[PDB]
Amino acid sequence: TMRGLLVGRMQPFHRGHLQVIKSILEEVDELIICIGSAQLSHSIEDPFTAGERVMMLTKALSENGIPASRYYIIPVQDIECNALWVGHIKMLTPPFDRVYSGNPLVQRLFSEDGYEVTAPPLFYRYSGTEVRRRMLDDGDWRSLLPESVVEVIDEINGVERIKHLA
Amino acid sequence: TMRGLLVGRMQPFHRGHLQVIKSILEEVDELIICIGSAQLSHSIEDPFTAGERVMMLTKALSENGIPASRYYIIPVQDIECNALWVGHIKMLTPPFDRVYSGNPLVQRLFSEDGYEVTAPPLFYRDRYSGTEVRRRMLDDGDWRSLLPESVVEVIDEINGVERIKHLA
Amino acid sequence: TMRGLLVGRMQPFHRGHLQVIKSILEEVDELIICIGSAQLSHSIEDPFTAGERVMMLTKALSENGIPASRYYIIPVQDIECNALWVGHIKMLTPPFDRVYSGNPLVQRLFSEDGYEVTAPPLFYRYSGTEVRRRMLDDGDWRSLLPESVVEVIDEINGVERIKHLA
Amino acid sequence: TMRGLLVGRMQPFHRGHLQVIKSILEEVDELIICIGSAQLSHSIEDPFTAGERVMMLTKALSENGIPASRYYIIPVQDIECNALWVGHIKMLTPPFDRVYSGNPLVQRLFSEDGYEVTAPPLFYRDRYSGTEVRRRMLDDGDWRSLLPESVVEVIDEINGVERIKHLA
Amino acid sequence: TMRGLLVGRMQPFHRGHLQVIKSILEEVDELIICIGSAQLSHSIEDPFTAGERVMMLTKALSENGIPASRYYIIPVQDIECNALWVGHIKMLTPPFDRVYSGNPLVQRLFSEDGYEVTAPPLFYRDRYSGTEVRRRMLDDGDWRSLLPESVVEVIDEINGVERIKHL
Amino acid sequence: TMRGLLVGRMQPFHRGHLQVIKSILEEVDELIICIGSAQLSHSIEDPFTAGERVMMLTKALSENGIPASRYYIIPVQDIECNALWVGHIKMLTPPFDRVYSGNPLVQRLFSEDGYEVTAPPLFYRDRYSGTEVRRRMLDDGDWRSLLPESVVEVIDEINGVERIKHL
Ligand SMILES: NC(=O)c1ccc[n+]([C@@H]2O[C@H](COP(=O)([O-])OP(=O)(O)OC[C@H]3O[C@@H](n4cnc5c(N)ncnc54)[C@H](OP(=O)(O)O)[C@@H]3O)[C@@H](O)[C@H]2O)c1
Ligand SMILES: NC(=O)c1ccc[n+]([C@@H]2O[C@H](COP(=O)([O-])OP(=O)(O)OC[C@H]3O[C@@H](n4cnc5c(N)ncnc54)[C@H](OP(=O)(O)O)[C@@H]3O)[C@@H](O)[C@H]2O)c1
Ligand SMILES: NC(=O)c1ccc[n+]([C@@H]2O[C@H](COP(=O)([O-])OP(=O)(O)OC[C@H]3O[C@@H](n4cnc5c(N)ncnc54)[C@H](OP(=O)(O)O)[C@@H]3O)[C@@H](O)[C@H]2O)c1
Ligand SMILES: NC(=O)c1ccc[n+]([C@@H]2O[C@H](COP(=O)([O-])OP(=O)(O)OC[C@H]3O[C@@H](n4cnc5c(N)ncnc54)[C@H](OP(=O)(O)O)[C@@H]3O)[C@@H](O)[C@H]2O)c1
Ligand SMILES: NC(=O)c1ccc[n+]([C@@H]2O[C@H](COP(=O)([O-])OP(=O)(O)OC[C@H]3O[C@@H](n4cnc5c(N)ncnc54)[C@H](OP(=O)(O)O)[C@@H]3O)[C@@H](O)[C@H]2O)c1
Ligand SMILES: NC(=O)c1ccc[n+]([C@@H]2O[C@H](COP(=O)([O-])OP(=O)(O)OC[C@H]3O[C@@H](n4cnc5c(N)ncnc54)[C@H](OP(=O)(O)O)[C@@H]3O)[C@@H](O)[C@H]2O)c1
């Protein structure tokens, strides 16, 4: 009955995002997780495709004890009109009641559309910038990710990709 | 890890689709399920949104004891260029090895891109199809019996029947 | 304070549409008039451009005693996602309270978004099909339109266009 | 019938734009006013929607005794191809004879398409510009005095100040 | 320098299109050839991609001794606004003076933009048309005889007959 | 038949690009030349339209005795998804075997799709580059000497220098 929504680039999905997700799941029955900027891939800032991130999330949420009945994973391309983005999200998702975001634009867009909006319950070393930097510089990127996500990154040759792009 | 792909409108997701899915899951480790024509909603032929169909699939696959580790559910908008549609799918999905489709165009597009392609292991009859489901929703027939219960619950929540009747 | 919305192709704007508009203006303070399928032009069914129809409406509503403070005229291209069309309209228009339409799809889309929806107060010989047929067959198309709209059609060579296209 | 064209973001519509418009109306019979970058809203640089700006213009031009027969107000989304933007404008507008712009790109695009192009008859200073208006909305300065009253009423109704402050 | 323009789907490029092109080249210095509906491929009506048709035209025009200095080959996707299509063409092509088309819509769109418009100098019969070519590809008829040999070679390389049969 | 691919903005087409093209033509039977960022025109960085650049390439390659049977010229608009760009190119071009690029992104995108990728055989200096050409157009320098004469003629016809100065 009570459904939350979370949106992030997740480039890549790391232990931080997972902690936040589990924390949100203590307050809602179900969580809709949107992969934002689904159109961006193959850059230093945004290395992975939508599909690759769907894979990461799907595998990570399965490998941790979260029942499938409690979440949805949805890629969302950015669009040119901010005034349409909430409609875009709504079309691509189940009905939802509350939005979790610390981003002022996301907050205000959802808020103007009449949604309840609140900051994530947790703020997280576990950041995507650090993960990507470590992938580039042969640091310990693996320890920042769930093992299921490292397996995705090995399969898709994520490290080699990001190094070539740099 | 052997990964299949299936693509369909699923307007709505019915017991036929589910039967096909379970059959495919006997021959692959994981199945990527794409919801095609994700852009189309609010017509007699295509009543439900991408999001509504994501919900239907997610609930149905969960209610039937298929482990979450064995599937992916991905909305896919149609595009103008057929020659690009396979690239579009690939961008939106995990890597995959084999495509299941009875549709000649889908087959040929994937085959030209070097994918293994086969027909679905099962073919369901017209009486269990989306057309029959939608017709029964319109005419007060027994649409519920053609769907998994978890999907009927989605349709009740979103007022699907009222929608389709108004649109007609 | 109370604002209505009306949407139509208006190919072209005829006396019928004007009658409906004046009738709606007895029930609302302001009327937002959307020119639908703004992208379609240069066919038998849809001969005129968005701009040409903006012109027709702007001139017709000015030539009749309707104060400028009581209406807005807005071209609206169709989009691929029905579930986004109401958001599309909202982005392009002032805030509004009630929608006037006899079209089941328009009704249901607006209704699902929480808007009050009602049929036009008047139903109208004055139809666009008749107007276009008369333009093609040298009938009396002029008598079906406000004079300000006929002047637009003369300036843009509307009759010659539609005849060449046929 | 001599018809001018003007194009601007008008984020928001201020007394400067209005002054320019009235000056242009001394030398043309009718003025087509295009709201550029109609797609951009909900940023510090571009806070208001196309619709909100249509409202602002419609109300402001009405409140200043400019007859409705003398202008057109048209939202125009930007497009990726500069070489097509003039065609895009032409499709969305009545026929026109002369373009008023101080912007080199706008000038050149219209000039290459064979239109007469001239600079606006008036140039307003920075202190009356959209940047100053938005800055004052953010910093609790006197933004109201830079706008026609009809535009301030739009901004109150849509909670423009609260929006821009939250976005910052 | 007098420059003509021609626009067609060319699904595929056949001897008829070539005949028309050569006739136009008697009356202009250079001919801009646009491949219309460049977005459509992999249907019975529109089997070949933009790229495949570029290949067909490029090969056919080179095999028939038409100097390269006399033509341009340009893929053009359809767009949703008819009132923008001429601007779309203009952006994608060299400057041009005259448009060759028998199609009322194409004629009127170009004409409203101030271009001189005229019908093609030659009309080929249905028996030599793309519809006949495609039908023969499907039904194992003599499709090859309706195409320049360079185009047949393209169709063999890209497995065009196998494609259209599967579809 | 061994077919190479090259992709560049070519704003405008200069002697450097031509030198590279001729070097590539020693190693392949045919070269597909894509005009990238075909959507961008009327800026200081990207002054010329797709059509104008098609004209430049078509004229330059014909003026230098490269037979028409050895190349294809294809405008290619950028797209928002990098993961789709190779599919976009493939749709718009003949089949090809090898990609020539020094750009890491272009290399990796093509490489991930299974194409052989190699750097161009020749690198020209900054002094002969598009940036230098455009700068000289702006500052009344000797831009003409950096271009094939056929390209200069295009630029005169389309009033390219006047455009870039106004911008
Ligand atoms: N018109 C449109 O298309 C439109 C409009 C609005 C938003 N969007 C999209 O919506 C998405 C969401 O916006 P966003 O700004 O939140 O995306 P984002 O790129 O994920 O930005 C969030 C930033 O804050 C960090 N962060 C997020 N949650 C955190 C937490 N609980 N604790 C600590 N740090 C946290 C992230 O770190 P990590 O990188 O490590 O995760 C990231 O650096 C974006 O893709 C944006 O493009 C699109
Ligand atoms: N360029 C592009 O964007 C592009 C190109 C190719 C395909 N696509 C998209 O790909 C999606 C799938 O294509 P499609 O042709 O398969 O469309 P579809 O809408 O999924 O329809 C296929 C038809 O076959 C039926 N069917 C499917 N599997 C069956 C089975 N095992 N036994 C019996 N009947 C079965 C479906 O029945 P039900 O009515 O019961 O579902 C439906 O009637 C569509 O959204 C299509 O638009 C897009
Ligand atoms: N996803 C999308 O983009 C989307 C979704 C929904 C709707 N739309 C668009 O929204 C627009 C509105 O839909 P619509 O079906 O109402 O458009 P429409 O094409 O104007 O259809 C209305 C039809 O009913 C007639 N009519 C309208 N009001 C009447 C009245 N009061 N009395 C008698 N007859 C009347 C019209 O006659 P006349 O021709 O003489 O005016 C016309 O034949 C369309 O352009 C449609 O494409 C778009
Ligand atoms: N390809 C495309 O889609 C394309 C191509 C060309 C142009 N456009 C669009 O066309 C629109 C207009 O272009 P623009 O360069 O004029 O943008 P703009 O946003 O209207 O800005 C022009 C700048 O000049 C100021 N200004 C305008 N008229 C003035 C006057 N009379 N005196 C003093 N200052 C004046 C404006 O001030 P204020 O801040 O006070 O308004 C603004 O700071 C924009 O939306 C642009 O994006 C689009
Ligand atoms: N808004 C837009 O995007 C827009 C607007 C207008 C036109 N267009 C596009 O422009 C392109 C051209 O339009 P079109 O109407 O000419 O389409 P087309 O499909 O290229 O030609 C129409 C028919 O005429 C035949 N034909 C052409 N030249 C002939 C000749 N000289 N003698 C005998 N038959 C001849 C063709 O034969 P074959 O079958 O043998 O080829 C075809 O059957 C199309 O791709 C269309 O989609 C786009
Ligand atoms: N998602 C997408 O749409 C996508 C993805 C990747 C790439 N692209 C497009 O693909 C095109 C090509 O990419 P690019 O990075 O190669 O861009 P580019 O702008 O064509 O070239 C980049 C720079 O390298 C220079 N250069 C090229 N070849 C050279 C050589 N042999 N020797 C010396 N300098 C040389 C160019 O010189 P000049 O200035 O003299 O030309 C230019 O300054 C672009 O249009 C890009 O936008 C698009």
# chains A, B, ... in the order shown; residues from 1 in each chain; ligands from 1
call {"tool": "residues_near_ligand", "arguments": {"ligand": "ligand 6", "cutoff": "8 Å", "atoms": "only C-alpha atoms and all ligand atoms", "output": "compact mmCIF listing (two decimals) with C-alpha atoms, in the first residue's frame"}}
result
# COMPACT_ATOMS: atom_id res chain seq x y z
CA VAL F 7 34.28 10.14 -39.11
CA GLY F 8 34.88 13.87 -38.55
CA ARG F 9 33.16 17.24 -38.22
CA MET F 10 35.16 18.72 -41.12
CA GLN F 11 34.37 22.33 -40.29
CA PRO F 12 35.43 22.94 -43.00
CA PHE F 13 37.06 20.26 -45.13
CA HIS F 14 40.74 21.21 -45.42
CA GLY F 16 44.78 17.94 -43.86
CA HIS F 17 41.59 15.82 -44.04
CA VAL F 20 44.57 11.61 -44.38
CA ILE F 35 30.42 14.00 -41.59
CA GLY F 36 29.91 14.04 -37.84
CA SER F 37 27.85 16.52 -35.84
CA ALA F 38 25.78 17.06 -38.97
CA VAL F 76 25.67 11.86 -39.47
CA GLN F 77 23.80 13.75 -36.72
CA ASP F 78 25.01 13.23 -33.17
CA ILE F 79 22.66 11.41 -30.78
CA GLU F 80 22.14 11.55 -27.06
CA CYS F 81 23.06 7.85 -26.43
CA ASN F 82 26.74 6.96 -26.95
CA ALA F 83 25.75 3.25 -26.73
CA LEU F 84 23.60 3.72 -29.86
CA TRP F 85 25.93 5.80 -32.02
CA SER F 101 40.04 7.24 -35.55
CA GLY F 102 42.42 8.79 -33.01
CA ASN F 103 39.53 9.61 -30.69
CA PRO F 104 39.31 7.42 -27.55
CA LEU F 105 35.48 7.48 -27.40
CA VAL F 106 35.03 6.64 -31.11
CA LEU F 109 32.47 2.48 -29.04
CA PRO F 120 44.74 7.41 -38.87
CA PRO F 121 47.96 6.78 -40.89
CA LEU F 122 48.80 10.50 -40.81
CA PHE F 123 48.53 13.26 -38.21
CA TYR F 124 48.52 16.88 -39.45
CA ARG F 125 49.72 19.78 -37.28
CA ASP F 126 47.56 22.45 -35.57
CA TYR F 128 46.61 23.14 -40.83
CA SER F 129 43.59 22.32 -38.66
CA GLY F 130 39.96 23.52 -38.74
CA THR F 131 40.63 25.82 -35.75
CA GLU F 132 43.38 27.57 -37.72
call {"tool": "residues_near_ligand", "arguments": {"ligand": "ligand 1", "cutoff": "6 Å", "atoms": "only C-alpha atoms and all ligand atoms", "output": "list in words"}}
result
residues 7, 8, 9, 10, 20, 36, 37, 78, 79, 80, 81, 82, 85, 103, 105, 106, 120, 122, 123, 124, 127 and 128 of chain A
call {"tool": "residues_near_ligand", "arguments": {"ligand": "ligand 4", "cutoff": "6 Å", "atoms": "only C-alpha atoms and all ligand atoms", "output": "short mmCIF file (atom, residue, chain, number, x, y, z; two decimals) with N, CA, C and O atoms, in the first residue's frame"}}
result
data_model
loop_
_atom_site.label_atom_id
_atom_site.label_comp_id
_atom_site.auth_asym_id
_atom_site.auth_seq_id
_atom_site.Cartn_x
_atom_site.Cartn_y
_atom_site.Cartn_z
N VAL D 7 11.75 37.76 -30.73
CA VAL D 7 11.96 36.48 -30.03
C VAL D 7 12.82 36.68 -28.79
O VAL D 7 13.91 37.28 -28.87
N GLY D 8 12.35 36.16 -27.66
CA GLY D 8 13.10 36.24 -26.40
C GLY D 8 12.62 35.25 -25.37
O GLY D 8 11.48 34.81 -25.43
N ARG D 9 13.52 34.86 -24.47
CA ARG D 9 13.23 33.96 -23.37
C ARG D 9 12.21 34.53 -22.38
O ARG D 9 11.29 33.83 -21.95
N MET D 10 12.38 35.81 -22.02
CA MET D 10 11.42 36.53 -21.18
C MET D 10 11.16 35.84 -19.86
O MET D 10 10.04 35.45 -19.52
N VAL D 20 10.40 47.88 -25.23
CA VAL D 20 10.87 47.49 -26.56
C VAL D 20 9.68 47.17 -27.47
O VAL D 20 9.60 47.63 -28.59
N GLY D 36 11.01 32.28 -26.66
CA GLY D 36 12.06 31.35 -26.96
C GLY D 36 12.42 30.47 -25.79
O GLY D 36 12.06 30.74 -24.64
N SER D 37 13.16 29.41 -26.10
CA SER D 37 13.54 28.38 -25.13
C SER D 37 12.34 27.97 -24.26
O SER D 37 12.44 27.87 -23.01
N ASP D 78 13.37 25.49 -28.41
CA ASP D 78 14.64 25.42 -29.14
C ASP D 78 14.72 24.05 -29.87
O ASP D 78 14.06 23.09 -29.48
N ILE D 79 15.54 23.99 -30.91
CA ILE D 79 15.82 22.75 -31.61
C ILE D 79 17.30 22.60 -31.81
O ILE D 79 18.04 23.56 -31.74
N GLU D 80 17.70 21.38 -32.11
CA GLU D 80 19.12 21.04 -32.25
C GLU D 80 19.76 21.66 -33.48
O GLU D 80 20.92 21.98 -33.43
N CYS D 81 19.01 21.79 -34.57
CA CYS D 81 19.57 22.33 -35.82
C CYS D 81 19.30 23.82 -35.99
O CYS D 81 18.17 24.23 -36.26
N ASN D 82 20.35 24.64 -35.85
CA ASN D 82 20.24 26.06 -36.14
C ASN D 82 19.70 26.32 -37.54
O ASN D 82 18.93 27.27 -37.73
N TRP D 85 15.89 26.38 -37.51
CA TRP D 85 15.15 27.15 -36.51
C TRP D 85 14.23 28.19 -37.13
O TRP D 85 13.14 28.42 -36.63
N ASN D 103 20.66 39.84 -31.48
CA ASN D 103 21.49 38.67 -31.34
C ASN D 103 22.10 38.28 -32.69
O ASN D 103 21.37 38.00 -33.64
N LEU D 105 23.43 35.51 -34.00
CA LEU D 105 22.96 34.24 -34.54
C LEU D 105 21.54 34.36 -35.11
O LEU D 105 21.28 33.98 -36.24
N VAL D 106 20.62 34.91 -34.31
CA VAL D 106 19.24 35.15 -34.76
C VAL D 106 19.26 36.01 -36.02
O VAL D 106 18.58 35.70 -37.02
N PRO D 120 16.62 45.88 -32.27
CA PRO D 120 15.49 46.52 -31.59
C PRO D 120 15.69 48.03 -31.50
O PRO D 120 16.82 48.48 -31.37
N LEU D 122 15.12 50.05 -29.18
CA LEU D 122 15.56 50.41 -27.83
C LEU D 122 16.42 49.31 -27.20
O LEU D 122 16.11 48.14 -27.34
N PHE D 123 17.43 49.71 -26.44
CA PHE D 123 18.26 48.83 -25.64
C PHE D 123 18.12 49.27 -24.17
O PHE D 123 18.32 50.44 -23.85
N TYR D 124 17.71 48.35 -23.28
CA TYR D 124 17.58 48.67 -21.85
C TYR D 124 18.87 48.26 -21.12
O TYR D 124 19.59 47.37 -21.56
N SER D 129 17.15 44.22 -16.39
CA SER D 129 17.15 42.96 -17.15
C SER D 129 16.65 41.77 -16.31
O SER D 129 16.51 41.84 -15.10
N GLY D 130 16.38 40.66 -17.00
CA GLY D 130 15.94 39.42 -16.36
C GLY D 130 16.88 38.92 -15.30
O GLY D 130 16.44 38.43 -14.27
N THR D 131 18.17 39.05 -15.55
CA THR D 131 19.22 38.68 -14.57
C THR D 131 19.05 39.45 -13.27
O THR D 131 19.14 38.86 -12.20
#
call {"tool": "interface_residues", "arguments": {"of": "chain D", "to": "chain A", "cutoff": "12 Å", "atoms": "only C-alpha atoms", "output": "PDB file with N, CA, C and O atoms, in the first residue's frame"}}
result
ATOM      1  N   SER D  37      13.164  29.405 -26.099  1.00  0.00           N
ATOM      2  CA  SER D  37      13.542  28.383 -25.129  1.00  0.00           C
ATOM      3  C   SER D  37      12.344  27.973 -24.256  1.00  0.00           C
ATOM      4  O   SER D  37      12.442  27.868 -23.014  1.00  0.00           O
ATOM      5  N   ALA D  38      11.210  27.771 -24.938  1.00  0.00           N
ATOM      6  CA  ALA D  38       9.961  27.393 -24.294  1.00  0.00           C
ATOM      7  C   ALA D  38      10.067  26.077 -23.506  1.00  0.00           C
ATOM      8  O   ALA D  38       9.274  25.828 -22.591  1.00  0.00           O
ATOM      9  N   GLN D  39      11.045  25.243 -23.866  1.00  0.00           N
ATOM     10  CA  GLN D  39      11.276  23.969 -23.181  1.00  0.00           C
ATOM     11  C   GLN D  39      11.922  24.098 -21.811  1.00  0.00           C
ATOM     12  O   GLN D  39      11.819  23.166 -20.994  1.00  0.00           O
ATOM     13  N   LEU D  40      12.609  25.209 -21.558  1.00  0.00           N
ATOM     14  CA  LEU D  40      13.391  25.388 -20.320  1.00  0.00           C
ATOM     15  C   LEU D  40      12.529  25.996 -19.217  1.00  0.00           C
ATOM     16  O   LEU D  40      11.885  27.039 -19.417  1.00  0.00           O
ATOM     17  N   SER D  41      12.498  25.323 -18.074  1.00  0.00           N
ATOM     18  CA  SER D  41      11.842  25.825 -16.861  1.00  0.00           C
ATOM     19  C   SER D  41      12.577  25.264 -15.660  1.00  0.00           C
ATOM     20  O   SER D  41      13.447  24.401 -15.793  1.00  0.00           O
ATOM     21  N   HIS D  42      12.241  25.783 -14.490  1.00  0.00           N
ATOM     22  CA  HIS D  42      12.757  25.251 -13.223  1.00  0.00           C
ATOM     23  C   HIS D  42      14.278  25.225 -13.107  1.00  0.00           C
ATOM     24  O   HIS D  42      14.871  24.304 -12.530  1.00  0.00           O
ATOM     25  N   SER D  43      14.913  26.266 -13.635  1.00  0.00           N
ATOM     26  CA  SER D  43      16.309  26.583 -13.311  1.00  0.00           C
ATOM     27  C   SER D  43      16.422  28.063 -12.904  1.00  0.00           C
ATOM     28  O   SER D  43      15.492  28.849 -13.120  1.00  0.00           O
ATOM     29  N   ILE D  44      17.549  28.404 -12.294  1.00  0.00           N
ATOM     30  CA  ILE D  44      17.881  29.772 -11.848  1.00  0.00           C
ATOM     31  C   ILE D  44      17.883  30.747 -13.044  1.00  0.00           C
ATOM     32  O   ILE D  44      17.362  31.845 -12.961  1.00  0.00           O
ATOM     33  N   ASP D  46      16.379  30.046 -16.009  1.00  0.00           N
ATOM     34  CA  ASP D  46      15.098  29.879 -16.739  1.00  0.00           C
ATOM     35  C   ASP D  46      14.032  29.283 -15.817  1.00  0.00           C
ATOM     36  O   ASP D  46      13.766  28.100 -15.872  1.00  0.00           O
ATOM     37  N   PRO D  47      13.446  30.101 -14.945  1.00  0.00           N
ATOM     38  CA  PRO D  47      12.571  29.525 -13.920  1.00  0.00           C
ATOM     39  C   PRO D  47      11.174  29.160 -14.349  1.00  0.00           C
ATOM     40  O   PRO D  47      10.612  28.202 -13.810  1.00  0.00           O
ATOM     41  N   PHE D  48      10.630  29.880 -15.315  1.00  0.00           N
ATOM     42  CA  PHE D  48       9.224  29.759 -15.654  1.00  0.00           C
ATOM     43  C   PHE D  48       8.923  28.957 -16.904  1.00  0.00           C
ATOM     44  O   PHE D  48       9.680  28.981 -17.883  1.00  0.00           O
ATOM     45  N   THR D  49       7.796  28.249 -16.857  1.00  0.00           N
ATOM     46  CA  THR D  49       7.371  27.408 -17.981  1.00  0.00           C
ATOM     47  C   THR D  49       6.895  28.276 -19.149  1.00  0.00           C
ATOM     48  O   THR D  49       6.616  29.456 -18.979  1.00  0.00           O
ATOM     49  N   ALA D  50       6.803  27.660 -20.315  1.00  0.00           N
ATOM     50  CA  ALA D  50       6.215  28.283 -21.475  1.00  0.00           C
ATOM     51  C   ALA D  50       4.856  28.879 -21.157  1.00  0.00           C
ATOM     52  O   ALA D  50       4.586  30.027 -21.478  1.00  0.00           O
ATOM     53  N   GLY D  51       4.003  28.059 -20.562  1.00  0.00           N
ATOM     54  CA  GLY D  51       2.663  28.459 -20.175  1.00  0.00           C
ATOM     55  C   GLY D  51       2.604  29.634 -19.221  1.00  0.00           C
ATOM     56  O   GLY D  51       1.766  30.526 -19.362  1.00  0.00           O
ATOM     57  N   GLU D  52       3.513  29.637 -18.262  1.00  0.00           N
ATOM     58  CA  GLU D  52       3.587  30.727 -17.305  1.00  0.00           C
ATOM     59  C   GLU D  52       3.973  32.035 -18.015  1.00  0.00           C
ATOM     60  O   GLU D  52       3.422  33.091 -17.718  1.00  0.00           O
ATOM     61  N   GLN D  77       9.891  26.204 -28.676  1.00  0.00           N
ATOM     62  CA  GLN D  77      10.977  25.350 -28.157  1.00  0.00           C
ATOM     63  C   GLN D  77      12.212  25.509 -29.032  1.00  0.00           C
ATOM     64  O   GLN D  77      12.115  25.682 -30.246  1.00  0.00           O
ATOM     65  N   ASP D  78      13.373  25.492 -28.406  1.00  0.00           N
ATOM     66  CA  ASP D  78      14.636  25.415 -29.135  1.00  0.00           C
ATOM     67  C   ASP D  78      14.721  24.046 -29.870  1.00  0.00           C
ATOM     68  O   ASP D  78      14.063  23.086 -29.483  1.00  0.00           O
ATOM     69  N   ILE D  79      15.538  23.990 -30.912  1.00  0.00           N
ATOM     70  CA  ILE D  79      15.817  22.753 -31.610  1.00  0.00           C
ATOM     71  C   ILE D  79      17.297  22.604 -31.807  1.00  0.00           C
ATOM     72  O   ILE D  79      18.044  23.559 -31.744  1.00  0.00           O
ATOM     73  N   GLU D  80      17.701  21.381 -32.106  1.00  0.00           N
ATOM     74  CA  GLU D  80      19.122  21.040 -32.251  1.00  0.00           C
ATOM     75  C   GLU D  80      19.759  21.664 -33.476  1.00  0.00           C
ATOM     76  O   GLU D  80      20.924  21.982 -33.432  1.00  0.00           O
ATOM     77  N   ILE D 158       1.661  31.588  -9.165  1.00  0.00           N
ATOM     78  CA  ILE D 158       2.430  30.376  -9.436  1.00  0.00           C
ATOM     79  C   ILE D 158       3.539  30.113  -8.419  1.00  0.00           C
ATOM     80  O   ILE D 158       4.309  29.189  -8.597  1.00  0.00           O
ATOM     81  N   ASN D 159       3.665  30.949  -7.389  1.00  0.00           N
ATOM     82  CA  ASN D 159       4.708  30.811  -6.376  1.00  0.00           C
ATOM     83  C   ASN D 159       6.113  30.836  -6.953  1.00  0.00           C
ATOM     84  O   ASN D 159       6.998  30.067  -6.542  1.00  0.00           O
ATOM     85  N   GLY D 160       6.335  31.775  -7.867  1.00  0.00           N
ATOM     86  CA  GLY D 160       7.605  31.899  -8.568  1.00  0.00           C
ATOM     87  C   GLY D 160       8.811  32.130  -7.690  1.00  0.00           C
ATOM     88  O   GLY D 160       9.908  31.567  -7.928  1.00  0.00           O
ATOM     89  N   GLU D 162       9.159  31.480  -4.377  1.00  0.00           N
ATOM     90  CA  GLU D 162       9.413  30.262  -3.603  1.00  0.00           C
ATOM     91  C   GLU D 162      10.119  29.230  -4.485  1.00  0.00           C
ATOM     92  O   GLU D 162      11.046  28.560  -4.040  1.00  0.00           O
ATOM     93  N   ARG D 163       9.693  29.111  -5.740  1.00  0.00           N
ATOM     94  CA  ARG D 163      10.315  28.134  -6.653  1.00  0.00           C
ATOM     95  C   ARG D 163      11.779  28.417  -6.825  1.00  0.00           C
ATOM     96  O   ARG D 163      12.621  27.549  -6.573  1.00  0.00           O
ATOM     97  N   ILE D 164      12.088  29.645  -7.242  1.00  0.00           N
ATOM     98  CA  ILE D 164      13.471  30.014  -7.539  1.00  0.00           C
ATOM     99  C   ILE D 164      14.385  29.883  -6.308  1.00  0.00           C
ATOM    100  O   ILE D 164      15.533  29.423  -6.411  1.00  0.00           O
ATOM    101  N   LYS D 165      13.865  30.261  -5.137  1.00  0.00           N
ATOM    102  CA  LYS D 165      14.616  30.108  -3.873  1.00  0.00           C
ATOM    103  C   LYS D 165      14.906  28.652  -3.543  1.00  0.00           C
ATOM    104  O   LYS D 165      16.007  28.313  -3.132  1.00  0.00           O
ATOM    105  N   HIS D 166      13.912  27.791  -3.711  1.00  0.00           N
ATOM    106  CA  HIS D 166      14.151  26.354  -3.481  1.00  0.00           C
ATOM    107  C   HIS D 166      15.212  25.786  -4.444  1.00  0.00           C
ATOM    108  O   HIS D 166      16.145  25.083  -4.021  1.00  0.00           O
ATOM    109  N   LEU D 167      15.105  26.159  -5.723  1.00  0.00           N
ATOM    110  CA  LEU D 167      16.067  25.722  -6.751  1.00  0.00           C
ATOM    111  C   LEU D 167      17.497  26.176  -6.502  1.00  0.00           C
ATOM    112  O   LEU D 167      18.431  25.538  -6.980  1.00  0.00           O
ATOM    113  N   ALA D 168      17.669  27.270  -5.753  1.00  0.00           N
ATOM    114  CA  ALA D 168      18.998  27.776  -5.387  1.00  0.00           C
ATOM    115  C   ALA D 168      19.530  27.144  -4.106  1.00  0.00           C
ATOM    116  O   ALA D 168      20.679  27.448  -3.846  1.00  0.00           O
TER     117      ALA D 168
END
call {"tool": "select_by_dssp", "arguments": {"residues": "chain E", "states": "strand (DSSP E or B)", "output": "NGL selection string"}}
result
:E and (3-8 or 30-35 or 71-75 or 98-100 or 116-118)
call {"tool": "closest_residue", "arguments": {"among": "F:157, F:113, F:142, F:27", "to": "chain B", "atoms": "only C-alpha atoms"}}
result
F:113
call {"tool": "interface_residues", "arguments": {"of": "chain C", "to": "chain E", "cutoff": "9 Å", "atoms": "only C-alpha atoms", "output": "number ranges by chain"}}
result
C: 38-43, 49, 161, 164-166
